[PDB]
Amino acid sequence: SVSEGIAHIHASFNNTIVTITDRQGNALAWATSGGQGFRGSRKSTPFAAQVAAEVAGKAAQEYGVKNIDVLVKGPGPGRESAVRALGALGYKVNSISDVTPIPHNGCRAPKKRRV
Amino acid sequence: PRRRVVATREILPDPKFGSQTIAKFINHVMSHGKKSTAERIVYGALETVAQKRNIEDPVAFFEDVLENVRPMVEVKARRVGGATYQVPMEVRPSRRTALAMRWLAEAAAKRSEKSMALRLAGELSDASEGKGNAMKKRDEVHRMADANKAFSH
Amino acid sequence: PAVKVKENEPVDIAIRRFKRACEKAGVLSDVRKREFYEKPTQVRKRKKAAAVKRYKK
RNA sequence: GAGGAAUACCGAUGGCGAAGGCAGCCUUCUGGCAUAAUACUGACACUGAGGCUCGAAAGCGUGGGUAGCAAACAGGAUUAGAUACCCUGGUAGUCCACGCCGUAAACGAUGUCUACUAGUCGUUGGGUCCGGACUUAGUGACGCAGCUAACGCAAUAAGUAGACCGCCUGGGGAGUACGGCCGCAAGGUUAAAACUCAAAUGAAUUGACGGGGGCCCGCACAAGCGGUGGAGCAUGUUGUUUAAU
């Protein structure tokens, strides 16, 4: 159906969400580290992102996407491992980009944890 | 230890086959410093399977079963700031043979055959095709190695 | 921080180039400062402590 | 699409302000400072009890606003308990206008103003010379003499002197009571006594310790082999019993 698409690699310290959409912003498939059998400490690992991108990428590979540009966001560890999965799955990358929300000293952050 | 790497000892090969692999396996069956008692157990077990499977040379057969038991990935215990990560790592070759030789003897000691030479013969035959506690133990280690497959530290 | 992969280029090389561009832009430096609110008094100590450290070396 | 708050980078022992404080950008009103030269007044100066003014945050009054964060509060955990730390929410407050409050480790724990006393290296705003050199007013890092119990200070003195003001007189009781004054209130300010004890303190020294750091060793752990802990008996002890055990 669609050949050009976008890969979103929204990755946090706890979980990484890898949804891949079209050029417009309509989601086609999505996978998560916590929805792949990994929970707790193993969910926040780069490998759990490697399988999440592998599952999501293969899920919409049937759609017809071959050209896709990733949009990584977040400080998580699966921001680097997930992109490697798409490259090894047969995807032809268009551009690697990092659109992370950086406030210009806006809303106040939560208080520092005393751990 | 803590500083050096002491050199490993030299082991004389078995008198009936001239192989250091069987002689090392005799060491794994022996208890109470009774070399001869373990030798007839190993020789009897090897003769039983050799006489049953019609194989002239059983040293190569023991290699086949040993390679079918040796694990390739083991799950080590690691600590990172109080957190325990059960990292799966490779097994050094000297430890591969030791683990396989250990599991065979310990799995054969809980069999139901009449004699220990017969008990060991059953496990060697069973592990040859890929069954028995020895194979089950190797899968259990590999199952735990695949269970994590996420700590590469 | 946008790296346009060129023709005939293994993603392994491309991702290395992307990681370098993100490091240059200070992407992860800013997201780490936003994890918690640093009190202005603590900011002044941290900045000055770095200032003293910088001058000594 | 609505709305509120803060203004990433620049950003800097950088700058401005008497202190408190003050960061997107633009306009308007407005204070002080820095700088070369000339002209002018001609000691008009410094300090300053009372007094007055300003004065972080929190808090209070009235009226608005309210996104994020978050006292209180609610729940989930951890725990012996957990009215906490951690997690999910969350109201006052935080924001605005006008007023109170007048307190902070409001600190450089160092009152203000003068003059003099080796030097070295930065940096901000000027200035004058020939990329440098010099000279100013700040802001720093060192380092002599000198000072200091020591730490350390050292032209931005804690040195050498002078002017005036403030304050201290063992530790608790106590910055508490009482009485004034101030405040809407919270409270603030001024400020004792009885009684009690021979100490309480500062800096540095040697150890010891740290759920501080760094390095290293030992069957210390790890990797293994064999045990003890369960049975019967031997032996020793406890206990109990005994005339004594």
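Protein chains get the first letters and strands the later ones, always in sequence-line order, with residue 1 at the start of each. Below, each value reflects all heavy atoms present in this structure, side chains not excepted, and no hydrogens, waters or symmetry copies.
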| task | Could you pull out all residues at least two apart from C:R20 that satisfy salt bridge (charged side-chain N to carboxylate O under 4.0 Å, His left out)? | result | C:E23

Between protein and nucleic acid, restricted to nucleotides 7-16 of chain D and to nitrogen or oxygen atoms under 3.5 Å apart, what atom pairs and distances do you find?
from	atom 1	to	atom 2	distance (Å)
D:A8	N9	A:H104	ND1	3.3
D:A8	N7	A:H104	ND1	3.4

| remark: With B for base contact, S for sugar-phosphate-only contact and - for none (protein heavy atoms under 4.0 Å), nucleotides 217-227 of chain D reads BB-B--SSSS-

| said: Which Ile, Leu, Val, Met, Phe, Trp or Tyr residues join C:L28 in one cluster when any pair of side-chain heavy atoms under 4.5 Å counts as a link? | reply: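 Answer for C:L28: C:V27, C:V31.
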
Pairs under 3.5 angstrom only: tabulate donor-acceptor contacts from the side chains of residues 1-13 of chain A to other protein residues two or more places apart or in another chain.
from	atom 1	to	atom 2	distance (Å)
A:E4	OE1	A:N94	ND2	2.8
A:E4	OE2	A:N67	ND2	3.1
A:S12	OG	A:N15	N	3.4
A:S12	OG	A:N15	O	2.5

| field | Residues which pass side chain to side chain donor-acceptor pair (under 3.5 Å) with C:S29, listed by chain and number, not counting sequence neighbours | value | none

| query | Does B:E67 have any side chain to side chain donor-acceptor pair (under 3.5 Å) partners at least two apart in sequence or in another chain, and if so, which? | reply | none

Report all side-chain donor-acceptor pairs from residues 40-51 of chain B shorter than 3.5 Å, counting only partners two or more places apart or in another chain.
from	atom 1	to	atom 2	distance (Å)
B:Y43	OH	B:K16	N	3.4
B:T48	OG1	B:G44	O	3.0

Atom pairs under 3.5 Å, N or O on each side, protein against nucleotides 91-93 of chain D: can you list them with distances?
none

Check nucleotides 22-25 of chain D against the protein and report each pair of N or O atoms closer than 3.5 Å, with its distance, or say if there are none.
none

| query | Is the base of D:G213 stacked on the base of D:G214, in that the six-ring centres lie under 5.5 Å apart and the planes are under 30° off? | reply | yes

| task | Kindly state which residues belonging to residues 107-115 of chain A come within less than 4.0 angstrom of RNA chain D, counting heavy atoms of the residue only, listed by number. | result |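 Those residues are A:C107, A:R108, A:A109, A:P110, A:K111, A:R113, A:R114.
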
Let me check something: any side-chain donor-acceptor pairs from residues 19-26 of chain B under 3.5 Å, sequence neighbours excluded? List them with distances.
from	atom 1	to	atom 2	distance (Å)
B:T21	OG1	B:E63	OE2	3.3

